[PDB]
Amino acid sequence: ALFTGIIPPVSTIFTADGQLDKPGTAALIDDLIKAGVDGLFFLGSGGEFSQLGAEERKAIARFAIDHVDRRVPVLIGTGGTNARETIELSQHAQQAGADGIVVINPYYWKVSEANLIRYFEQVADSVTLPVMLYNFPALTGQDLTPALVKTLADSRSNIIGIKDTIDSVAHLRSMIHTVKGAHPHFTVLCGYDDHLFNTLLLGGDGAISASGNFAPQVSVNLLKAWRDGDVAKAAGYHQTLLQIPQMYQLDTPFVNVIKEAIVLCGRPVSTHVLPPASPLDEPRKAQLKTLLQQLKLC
């Protein structure tokens, strides 16, 4: 099983001009590796992939991969609506030294099932890297069903995992039963902090969630306790993770909230976010600070 455990969707740090901030991004990366995470996911939703151009995306992927320097496995989010660009980004990721790619379904047109299967087959066939699917139906408007994901895992042997970003115990349970039933080593990662514990108890593999960025120790220590067989200690961390997502209601998008949390929890970086996201105002930063303090996160 590839890409198991805690694999944060790393924020991309930008300067005030909206250019990749190399020292800031590098420092966040080294904080996360230092914290014991199992891998790093660049250019996911929280990494602002959808607000970046293709060449910006390539430059960021290359920098991120080079800085990591094989210390942990690296995943690159290569999806979008332009399928030709997906292939271009996916092959670039492979050429630059990524260990895998993460591919969301096209989120403008909700393409027919036949087009959807064909889309994922051809992205898969375009690289010889492992491929992880990315389900985010709140944003895409099209759920990757456990049945369709099984079909894909049946069709292509490099389709080996999923980030299932959904607030649903049923979706996760059924994803694990349906797909891991047929494909024992298929990786099921939840996209939400507050589902890591259940995911593990259901027989899934970990999480790619936002709090990996500013509070990686909570998820890391939950996974460690769980693997140790210390279910009480695991559940104590889960109790914190249950409460964290209150801060994501502060703005939409909440990539600004995640970067301000990174700052408040001890890492000085530019908080700049790319439009149409916008800075978190002072009242909502104070609100964030008090929540992080209440959770003993800073």
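Numbers follow the displayed sequence, beginning with 1.
- Set 43 to 51 against 229 to 237 and average the Cα temperature factors; 229 to 237 ends up higher.
- Mean CA temperature factor is higher for 179 to 187 when stretches 128 to 136 and 179 to 187 are set side by side in the entry.
- Per the PDB record, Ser157 has a higher Cα B-factor than any other of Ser157, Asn198, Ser219, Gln142.
- Considering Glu88, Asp167, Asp205, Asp164 together, the PDB entry gives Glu88 the largest C-alpha B factor.
- The PDB entry assigns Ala35 a C-alpha temperature factor belonging to the highest third of its chain's modelled residues.
- In this PDB entry, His92 carries a Cα temperature factor that places it within the middle third of its chain's modelled residues.
- In the deposited entry, the Cα temperature factor of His171 sits in the bottom third of values across the chain's modelled residues.
- Among all modelled residues in this chain, the alpha-carbon of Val10 has a temperature factor (C-alpha) in the lowest third.
- The deposited CA B-factor of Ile29 belongs to the lowest third of values across its chain.
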